[PDB]
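# Geometric and topological summary
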Number of protein chains: 2
Amino acid sequence: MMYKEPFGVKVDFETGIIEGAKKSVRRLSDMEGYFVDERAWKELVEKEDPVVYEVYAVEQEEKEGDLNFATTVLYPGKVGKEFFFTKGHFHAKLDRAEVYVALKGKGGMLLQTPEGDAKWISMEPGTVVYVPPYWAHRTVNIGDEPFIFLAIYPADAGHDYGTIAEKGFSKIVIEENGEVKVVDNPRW
Amino acid sequence: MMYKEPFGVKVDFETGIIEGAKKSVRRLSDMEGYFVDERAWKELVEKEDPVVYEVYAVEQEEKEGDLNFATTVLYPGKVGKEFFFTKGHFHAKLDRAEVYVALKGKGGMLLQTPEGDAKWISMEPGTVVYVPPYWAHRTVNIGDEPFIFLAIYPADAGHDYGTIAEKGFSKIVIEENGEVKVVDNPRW
Ligand SMILES: O=P(O)(O)OC[C@@H](O)[C@@H](O)[C@H](O)[C@@H](O)CO
Ligand SMILES: O=P(O)(O)OC[C@@H](O)[C@@H](O)[C@H](O)[C@@H](O)CO
Ligand SMILES: [Zn+2]
Ligand SMILES: [Zn+2]
Ligand SMILES: [Zn+2]
(Lines give C-alpha, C1' and ligand atoms only; values in the text may rest on other atoms or scores of the structure.)
(Ligands and ions follow the chains in the order given, each with its own letter.)
Protein backbone atom coordinates (compact mmCIF):
# COMPACT_ATOMS: atom_id res chain seq x y z
CA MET A 1 0.00 0.00 0.00
CA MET A 2 1.00 3.62 -0.68
CA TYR A 3 1.19 5.86 2.41
CA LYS A 4 1.09 9.66 2.44
CA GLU A 5 3.98 11.49 4.07
CA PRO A 6 3.51 12.78 7.65
CA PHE A 7 4.58 16.42 8.00
CA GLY A 8 4.95 19.24 10.47
CA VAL A 9 4.31 22.87 9.59
CA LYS A 10 4.67 26.07 11.62
CA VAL A 11 1.58 28.18 12.22
CA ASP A 12 2.38 31.64 13.53
CA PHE A 13 -0.27 32.25 16.24
CA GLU A 14 0.44 35.98 15.89
CA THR A 15 -0.18 36.29 12.14
CA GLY A 16 -2.13 33.14 11.18
CA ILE A 17 0.33 32.49 8.35
CA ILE A 18 1.10 28.92 7.31
CA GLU A 19 4.07 28.56 4.93
CA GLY A 20 3.19 26.48 1.87
CA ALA A 21 -0.56 26.82 2.39
CA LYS A 22 -3.09 27.71 -0.29
CA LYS A 23 -3.79 31.38 0.46
CA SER A 24 -7.27 32.70 -0.28
CA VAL A 25 -8.42 36.34 -0.20
CA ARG A 26 -11.93 37.72 0.34
CA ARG A 27 -12.40 41.40 -0.43
CA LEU A 28 -15.52 43.35 0.57
CA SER A 29 -16.50 43.55 -3.13
CA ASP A 30 -16.75 39.75 -3.13
CA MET A 31 -19.49 39.95 -0.48
CA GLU A 32 -22.37 41.66 -2.30
CA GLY A 33 -25.73 40.86 -0.68
CA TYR A 34 -24.13 39.77 2.60
CA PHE A 35 -24.42 42.86 4.83
CA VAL A 36 -27.63 44.51 6.05
CA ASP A 37 -26.62 48.07 5.09
CA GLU A 38 -26.28 47.94 1.27
CA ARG A 39 -25.41 51.60 0.83
CA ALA A 40 -22.67 51.35 3.48
CA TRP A 41 -21.37 48.25 1.65
CA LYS A 42 -21.36 50.13 -1.65
CA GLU A 43 -19.68 53.16 -0.05
CA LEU A 44 -16.84 51.23 1.65
CA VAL A 45 -16.18 49.06 -1.44
CA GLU A 46 -15.76 52.13 -3.64
CA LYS A 47 -13.62 54.03 -1.08
CA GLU A 48 -11.30 51.15 -0.18
CA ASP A 49 -12.57 47.63 -0.98
CA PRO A 50 -10.90 46.30 2.19
CA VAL A 51 -9.76 42.71 2.55
CA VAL A 52 -12.34 41.17 4.89
CA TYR A 53 -10.46 37.90 5.45
CA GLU A 54 -7.62 35.67 4.31
CA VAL A 55 -7.44 31.87 4.55
CA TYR A 56 -4.29 29.70 4.70
CA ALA A 57 -5.47 26.16 3.87
CA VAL A 58 -3.62 22.86 4.10
CA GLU A 59 -5.95 20.47 2.34
CA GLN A 60 -5.85 16.82 1.34
CA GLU A 61 -7.80 15.12 -1.46
CA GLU A 62 -11.52 14.82 -0.63
CA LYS A 63 -11.23 11.44 1.11
CA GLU A 64 -13.39 10.33 4.05
CA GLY A 65 -11.68 9.96 7.41
CA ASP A 66 -8.92 12.37 6.39
CA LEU A 67 -8.46 15.92 7.71
CA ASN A 68 -7.83 19.43 6.39
CA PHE A 69 -6.79 22.42 8.42
CA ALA A 70 -6.82 26.15 7.74
CA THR A 71 -6.24 29.44 9.48
CA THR A 72 -8.40 32.46 8.84
CA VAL A 73 -7.22 36.00 9.41
CA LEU A 74 -10.52 37.93 9.73
CA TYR A 75 -9.81 41.65 9.59
CA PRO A 76 -11.40 44.24 11.88
CA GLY A 77 -14.10 46.43 10.35
CA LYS A 78 -17.76 47.35 10.12
CA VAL A 79 -20.24 47.74 7.27
CA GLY A 80 -22.43 50.39 8.84
CA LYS A 81 -22.98 48.95 12.30
CA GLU A 82 -22.35 45.32 11.30
CA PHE A 83 -18.98 43.70 12.08
CA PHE A 84 -16.81 42.08 9.37
CA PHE A 85 -17.56 38.38 9.02
CA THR A 86 -16.83 35.37 6.84
CA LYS A 87 -19.38 34.43 4.17
CA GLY A 88 -20.54 31.41 6.13
CA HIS A 89 -21.38 27.92 4.88
CA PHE A 90 -22.92 24.55 5.48
CA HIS A 91 -20.63 21.65 4.74
CA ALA A 92 -21.41 19.93 1.40
CA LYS A 93 -21.54 16.70 3.36
CA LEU A 94 -23.87 18.20 5.95
CA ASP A 95 -23.11 15.92 8.87
CA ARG A 96 -19.42 16.87 8.88
CA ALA A 97 -18.42 18.57 12.12
CA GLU A 98 -15.58 21.04 12.62
CA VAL A 99 -13.31 22.29 15.41
CA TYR A 100 -12.18 25.91 15.62
CA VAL A 101 -9.22 27.00 17.75
CA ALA A 102 -9.21 30.76 18.38
CA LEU A 103 -5.65 32.11 18.41
CA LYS A 104 -5.80 35.91 18.48
CA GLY A 105 -8.24 38.80 18.69
CA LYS A 106 -11.86 38.92 19.79
CA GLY A 107 -14.71 37.46 17.81
CA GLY A 108 -17.28 34.76 17.88
CA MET A 109 -19.18 32.32 15.74
CA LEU A 110 -22.76 32.46 14.49
CA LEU A 111 -24.21 29.01 13.82
CA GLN A 112 -27.51 28.01 12.26
CA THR A 113 -29.40 24.77 11.49
CA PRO A 114 -31.04 24.15 8.08
CA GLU A 115 -34.24 25.47 9.74
CA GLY A 116 -32.73 28.89 10.57
CA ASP A 117 -32.42 28.65 14.35
CA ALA A 118 -29.20 30.43 15.32
CA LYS A 119 -26.59 30.54 18.07
CA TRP A 120 -23.75 32.84 19.12
CA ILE A 121 -20.56 31.48 20.73
CA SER A 122 -17.99 34.07 21.94
CA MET A 123 -14.41 33.36 20.92
CA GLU A 124 -11.23 34.66 22.52
CA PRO A 125 -7.72 33.18 22.44
CA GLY A 126 -7.90 29.58 23.69
CA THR A 127 -11.59 29.18 22.87
CA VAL A 128 -12.12 25.85 21.14
CA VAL A 129 -15.47 25.77 19.36
CA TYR A 130 -17.26 22.54 18.48
CA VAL A 131 -19.27 23.01 15.28
CA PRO A 132 -21.64 20.04 15.30
CA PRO A 133 -22.96 18.18 12.26
CA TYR A 134 -25.56 20.17 10.25
CA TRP A 135 -24.74 23.65 11.58
CA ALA A 136 -23.93 26.43 9.11
CA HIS A 137 -21.19 28.61 10.58
CA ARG A 138 -19.89 32.14 10.21
CA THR A 139 -17.14 33.80 12.22
CA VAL A 140 -17.35 37.47 13.21
CA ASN A 141 -14.60 39.91 14.34
CA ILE A 142 -16.12 42.07 17.07
CA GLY A 143 -12.70 43.64 17.88
CA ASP A 144 -10.10 46.15 16.76
CA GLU A 145 -7.47 43.76 15.42
CA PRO A 146 -7.30 40.63 13.25
CA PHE A 147 -9.37 37.75 14.64
CA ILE A 148 -7.20 34.70 13.95
CA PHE A 149 -8.30 31.09 14.36
CA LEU A 150 -7.46 27.59 13.13
CA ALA A 151 -10.18 25.31 11.74
CA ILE A 152 -9.83 21.50 11.53
CA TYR A 153 -12.36 19.82 9.28
CA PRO A 154 -13.03 16.48 7.56
CA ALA A 155 -11.25 16.48 4.17
CA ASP A 156 -14.54 15.47 2.45
CA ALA A 157 -16.66 18.11 4.25
CA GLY A 158 -16.81 20.55 1.33
CA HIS A 159 -18.40 23.99 1.40
CA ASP A 160 -21.93 25.14 0.57
CA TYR A 161 -22.32 28.93 0.47
CA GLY A 162 -25.48 29.14 -1.67
CA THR A 163 -28.28 29.25 0.91
CA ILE A 164 -26.38 31.68 3.16
CA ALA A 165 -25.55 33.92 0.16
CA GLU A 166 -29.28 34.59 -0.45
CA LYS A 167 -30.79 34.57 3.07
CA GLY A 168 -27.88 35.31 5.44
CA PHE A 169 -28.15 34.39 9.12
CA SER A 170 -31.22 34.91 11.32
CA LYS A 171 -29.05 36.94 13.70
CA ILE A 172 -26.64 39.81 12.99
CA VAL A 173 -23.79 41.12 15.14
CA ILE A 174 -23.69 44.89 15.43
CA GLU A 175 -22.17 47.74 17.40
CA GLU A 176 -24.77 50.14 18.82
CA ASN A 177 -23.82 52.92 21.26
CA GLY A 178 -20.31 51.42 21.55
CA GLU A 179 -21.60 48.00 22.65
CA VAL A 180 -21.58 44.63 20.84
CA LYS A 181 -25.10 43.35 20.18
CA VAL A 182 -26.26 40.06 18.73
CA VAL A 183 -29.73 40.96 17.46
CA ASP A 184 -32.34 39.50 15.08
CA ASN A 185 -31.65 40.07 11.39
CA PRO A 186 -34.28 42.50 10.01
CA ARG A 187 -33.66 41.07 6.50
CA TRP A 188 -34.40 37.46 7.50
CA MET B 1 -34.57 15.85 13.29
CA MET B 2 -32.45 16.51 16.41
CA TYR B 3 -29.36 18.73 16.28
CA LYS B 4 -26.42 18.57 18.67
CA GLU B 5 -25.69 21.76 20.58
CA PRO B 6 -22.71 23.86 19.46
CA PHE B 7 -20.36 24.89 22.25
CA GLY B 8 -17.17 26.75 23.05
CA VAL B 9 -14.70 25.72 25.72
CA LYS B 10 -11.60 27.37 27.13
CA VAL B 11 -8.31 25.61 26.60
CA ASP B 12 -5.44 27.04 28.59
CA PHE B 13 -2.46 26.87 26.23
CA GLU B 14 -0.14 27.14 29.30
CA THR B 15 -1.51 24.18 31.23
CA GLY B 16 -3.29 22.12 28.59
CA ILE B 17 -6.33 22.04 30.87
CA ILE B 18 -9.78 21.83 29.25
CA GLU B 19 -12.60 22.94 31.53
CA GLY B 20 -15.07 20.04 31.93
CA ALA B 21 -13.18 17.54 29.76
CA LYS B 22 -12.82 13.82 30.53
CA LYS B 23 -9.50 13.46 32.37
CA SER B 24 -7.27 10.43 31.89
CA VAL B 25 -3.93 9.86 33.67
CA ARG B 26 -1.07 7.54 32.70
CA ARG B 27 1.56 6.76 35.32
CA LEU B 28 4.64 4.64 34.65
CA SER B 29 2.94 1.56 36.20
CA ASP B 30 0.22 1.98 33.55
CA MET B 31 3.01 1.52 30.99
CA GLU B 32 4.38 -1.99 31.63
CA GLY B 33 6.23 -3.48 28.65
CA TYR B 34 6.65 -0.11 26.91
CA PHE B 35 10.19 1.03 27.71
CA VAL B 36 13.47 -0.60 26.63
CA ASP B 37 15.18 -0.49 30.05
CA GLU B 38 13.02 -3.00 31.95
CA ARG B 39 14.96 -2.63 35.24
CA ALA B 40 14.97 1.20 35.17
CA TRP B 41 11.19 1.09 34.72
CA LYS B 42 10.78 -1.22 37.72
CA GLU B 43 12.94 0.99 39.95
CA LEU B 44 11.01 4.16 39.06
CA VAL B 45 7.58 2.50 39.50
CA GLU B 46 8.59 1.28 42.97
CA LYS B 47 10.17 4.54 44.14
CA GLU B 48 7.82 7.11 42.65
CA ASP B 49 5.58 5.76 39.87
CA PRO B 50 5.47 9.25 38.31
CA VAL B 51 2.72 10.59 36.08
CA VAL B 52 3.96 10.23 32.49
CA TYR B 53 1.05 12.11 30.89
CA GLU B 54 -2.49 13.42 31.27
CA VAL B 55 -5.23 13.71 28.66
CA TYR B 56 -8.18 16.10 28.61
CA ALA B 57 -10.71 14.65 26.13
CA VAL B 58 -13.81 16.22 24.60
CA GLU B 59 -15.43 13.36 22.76
CA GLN B 60 -18.59 12.71 20.80
CA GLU B 61 -20.36 9.43 20.10
CA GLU B 62 -18.37 7.24 17.67
CA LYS B 63 -19.97 8.55 14.49
CA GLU B 64 -18.53 9.16 11.02
CA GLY B 65 -18.03 12.79 10.02
CA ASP B 66 -17.87 14.00 13.67
CA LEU B 67 -14.81 15.24 15.53
CA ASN B 68 -13.21 14.76 18.91
CA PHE B 69 -10.46 16.87 20.46
CA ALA B 70 -8.11 16.27 23.36
CA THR B 71 -5.11 17.91 24.89
CA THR B 72 -2.19 15.92 26.30
CA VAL B 73 0.26 17.14 28.94
CA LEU B 74 3.32 14.93 28.52
CA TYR B 75 5.60 15.37 31.56
CA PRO B 76 9.38 15.52 31.24
CA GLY B 77 11.49 12.51 32.19
CA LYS B 78 13.40 9.42 31.12
CA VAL B 79 13.20 5.67 31.67
CA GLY B 80 16.85 4.66 31.49
CA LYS B 81 18.03 6.73 28.51
CA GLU B 82 14.55 6.74 26.93
CA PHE B 83 12.36 9.88 26.97
CA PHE B 84 8.84 9.85 28.40
CA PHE B 85 6.32 9.13 25.68
CA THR B 86 2.65 8.33 25.14
CA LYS B 87 1.69 4.65 24.77
CA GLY B 88 1.13 5.20 21.03
CA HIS B 89 -1.64 3.72 18.90
CA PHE B 90 -3.09 3.01 15.51
CA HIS B 91 -6.61 4.27 14.99
CA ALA B 92 -9.10 1.36 14.94
CA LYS B 93 -10.38 2.67 11.64
CA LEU B 94 -6.90 2.91 10.11
CA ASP B 95 -7.75 5.40 7.35
CA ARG B 96 -8.67 8.06 9.96
CA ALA B 97 -6.19 10.95 9.98
CA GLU B 98 -5.31 13.29 12.84
CA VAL B 99 -4.05 16.83 13.39
CA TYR B 100 -1.84 17.85 16.32
CA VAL B 101 -1.21 21.42 17.37
CA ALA B 102 1.84 21.85 19.61
CA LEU B 103 1.19 24.41 22.35
CA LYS B 104 4.05 24.36 24.85
CA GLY B 105 7.37 22.62 25.41
CA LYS B 106 9.73 20.71 23.17
CA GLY B 107 9.00 17.32 21.74
CA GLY B 108 8.10 15.35 18.72
CA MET B 109 6.06 12.65 17.18
CA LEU B 110 7.13 9.20 16.14
CA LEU B 111 4.95 7.66 13.44
CA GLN B 112 5.04 4.23 11.90
CA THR B 113 3.20 2.36 9.14
CA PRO B 114 1.71 -1.15 9.55
CA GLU B 115 5.01 -2.32 7.96
CA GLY B 116 7.19 -0.75 10.66
CA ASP B 117 8.76 2.07 8.65
CA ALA B 118 9.22 5.14 10.80
CA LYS B 119 9.12 8.93 10.65
CA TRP B 120 10.13 11.56 13.23
CA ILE B 121 8.61 15.03 13.32
CA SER B 122 10.02 17.68 15.66
CA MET B 123 7.36 19.63 17.56
CA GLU B 124 7.67 23.07 19.15
CA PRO B 125 4.98 25.64 19.96
CA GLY B 126 3.11 26.44 16.74
CA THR B 127 3.97 23.22 14.92
CA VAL B 128 0.94 21.58 13.32
CA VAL B 129 1.51 17.93 12.63
CA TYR B 130 -0.50 16.13 9.97
CA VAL B 131 -0.90 12.45 10.93
CA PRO B 132 -1.94 10.65 7.73
CA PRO B 133 -4.23 7.63 7.46
CA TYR B 134 -2.57 4.30 8.47
CA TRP B 135 0.22 5.80 10.61
CA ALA B 136 0.50 4.76 14.26
CA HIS B 137 1.65 7.74 16.31
CA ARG B 138 3.36 8.39 19.61
CA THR B 139 4.45 11.70 21.13
CA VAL B 140 7.72 12.18 22.99
CA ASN B 141 8.86 14.97 25.34
CA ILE B 142 12.55 15.61 24.69
CA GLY B 143 12.76 18.63 27.04
CA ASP B 144 12.83 19.76 30.68
CA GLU B 145 9.27 21.18 30.83
CA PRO B 146 5.82 19.66 30.07
CA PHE B 147 5.13 19.06 26.37
CA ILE B 148 1.55 20.19 25.69
CA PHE B 149 -0.45 19.79 22.49
CA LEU B 150 -4.01 19.61 21.14
CA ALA B 151 -5.11 16.72 18.98
CA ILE B 152 -8.17 16.76 16.73
CA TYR B 153 -9.44 13.45 15.35
CA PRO B 154 -12.45 11.83 13.71
CA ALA B 155 -14.91 10.77 16.41
CA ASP B 156 -14.90 7.24 14.90
CA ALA B 157 -11.08 6.96 14.75
CA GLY B 158 -10.83 4.67 17.79
CA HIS B 159 -7.62 3.65 19.56
CA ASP B 160 -5.70 0.43 18.82
CA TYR B 161 -3.01 -0.09 21.49
CA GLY B 162 -2.42 -3.84 21.08
CA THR B 163 0.21 -4.02 18.31
CA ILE B 164 2.29 -1.21 19.85
CA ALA B 165 2.04 -2.65 23.40
CA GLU B 166 3.69 -5.96 22.40
CA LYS B 167 6.32 -4.78 19.86
CA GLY B 168 6.62 -1.03 20.41
CA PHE B 169 7.90 1.25 17.68
CA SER B 170 10.74 0.45 15.24
CA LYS B 171 12.62 3.49 16.54
CA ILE B 172 13.32 4.86 20.03
CA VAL B 173 14.02 8.43 21.11
CA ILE B 174 16.87 8.58 23.59
CA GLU B 175 19.53 10.80 25.11
CA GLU B 176 23.12 9.61 24.66
CA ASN B 177 25.86 12.14 25.55
CA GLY B 178 23.52 15.10 26.13
CA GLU B 179 22.07 14.82 22.62
CA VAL B 180 18.69 13.56 21.45
CA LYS B 181 18.93 10.59 19.10
CA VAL B 182 16.32 8.75 17.05
CA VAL B 183 17.83 5.27 16.78
CA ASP B 184 16.67 1.75 15.90
CA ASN B 185 14.78 -0.21 18.55
CA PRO B 186 16.85 -3.29 19.55
CA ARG B 187 13.78 -4.90 21.17
CA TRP B 188 12.06 -4.62 17.77
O1 LIG C 1 -15.52 29.31 3.88
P2 LIG C 1 -15.74 30.94 4.65
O3 LIG C 1 -17.43 30.86 5.30
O4 LIG C 1 -15.75 32.12 3.51
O5 LIG C 1 -15.16 31.37 6.34
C6 LIG C 1 -14.05 31.18 5.56
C7 LIG C 1 -13.20 30.05 6.27
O8 LIG C 1 -12.84 30.45 7.62
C9 LIG C 1 -13.80 28.64 6.40
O10 LIG C 1 -13.73 28.01 5.11
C11 LIG C 1 -13.15 27.74 7.48
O12 LIG C 1 -11.80 27.41 7.18
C13 LIG C 1 -13.88 26.40 7.71
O14 LIG C 1 -15.19 26.69 8.21
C15 LIG C 1 -13.96 25.50 6.47
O16 LIG C 1 -14.80 24.34 6.70
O1 LIG D 1 -3.75 7.47 22.94
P2 LIG D 1 -2.21 7.80 23.83
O3 LIG D 1 -1.01 6.92 22.80
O4 LIG D 1 -2.17 6.90 25.20
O5 LIG D 1 -1.19 9.34 23.74
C6 LIG D 1 -2.38 9.64 24.39
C7 LIG D 1 -3.01 10.79 23.53
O8 LIG D 1 -2.04 11.82 23.21
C9 LIG D 1 -3.73 10.39 22.23
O10 LIG D 1 -4.89 9.66 22.64
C11 LIG D 1 -4.14 11.59 21.34
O12 LIG D 1 -5.15 12.41 21.95
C13 LIG D 1 -4.64 11.20 19.93
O14 LIG D 1 -3.59 10.57 19.17
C15 LIG D 1 -5.92 10.36 19.93
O16 LIG D 1 -6.23 9.95 18.58
ZN1 LIG E 1 -16.70 24.80 7.80
ZN1 LIG F 1 -6.60 45.10 19.82
ZN1 LIG G 1 -4.59 9.22 17.42
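Residues numbered from 1 in each chain as written, not as in the entry; some residues may be left out. Chains lettered and ligands numbered in written order. Heavy atoms only, no water.

Residue and element names in this part refer to chain B. Within the structure, ligand 2 sits among 16 residues, and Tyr 53, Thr 72, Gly 88, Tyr 100 and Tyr 161 are positioned closest to it. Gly 88 places a polar main-chain atom, nitrogen or oxygen, 2.7 Å from an oxygen atom of ligand 2. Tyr 100 places a polar side-chain atom, nitrogen or oxygen, 2.6 Å from an oxygen atom of ligand 2. With the chains in place, 96% of the 400 Å² that ligand 2 exposes on its own is no longer accessible. Only β4 (67-74), β7 (98-104) and β12 (147-154) provide two or more residues apiece to the shell around ligand 2. (Near = heavy atom within 4 Å. Polar contact = N/O pair within 3.5 Å; in protein donor to acceptor, adjacent residues only side chain to side chain. Areas by Shrake-Rupley, 256 points an atom, 1.4 Å probe, with all protein chains shown as cover. Helix = DSSP H or I, 4+ residues; strand = E, 2+ residues; numbered from the N terminus.)

Tallying the contact residues gives 45 residues for chain A and 45 residues for chain B. Summing both partners gives a buried area of about 3800 Å² for chain A against chain B, and 67% of it is carried by carbon and sulfur. When residues of chain A are sorted by the area they lose upon contact with chain B, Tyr 3, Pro 6 and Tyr 130 of chain A head the list and together hold 19% of the total. Counting across the interface, chain A meets chain B through three salt bridges. The shortest N-O distance in the salt bridge between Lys 119 of chain B and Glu 5 of chain A comes to 3.4 Å. Connecting chain A to chain B are 20 residue pairs in polar contact. The set of elements that each furnish at least two residues to the side of chain A that touches chain B consists of β1 (7-10), β4 (67-74), β7 (98-104), β9 (118-123), β10 (127-131) and β12 (147-154) of chain A. Among the residues forming the side of chain A that touches chain B, the class breakdown is 29 nonpolar, six polar and ten charged. Bridging between β1 of chain A and strand β10 (residues 127-131) of chain B involves four bridges; their strand directions are antiparallel. Residue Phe 7 of chain A lies in a different strand from β10 of chain B, and its bridge partner there is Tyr 130 of chain B. (Contact = heavy atoms within 4.5 Å. Buried area = accessible area lost by both parts, 1.4 Å probe. Salt bridge = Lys/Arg side-chain N within 4 Å of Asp/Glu carboxyl O. Nonpolar A, V, L, I, M, F, W, Y, C, P; charged D, E, K, R; others polar. Pairing = 2+ DSSP bridges.)

Moving on to a negative patch on the surface. On the surface, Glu 32, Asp 37, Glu 38, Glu 43 and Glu 46 of chain A cluster together to form a negatively charged patch. With respect to the helices and strands, the residue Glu 38 of chain A is situated in helix α1 (residues 38-47). (Patch = residues over 30% accessible without salt bridge, like charges linked within 9 Å, V, L, I, M, F, W, Y side chains within 5 Å. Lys, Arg positive; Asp, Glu negative; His and termini not counted. Charge placed at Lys NZ, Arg CZ, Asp CG, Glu CD.)

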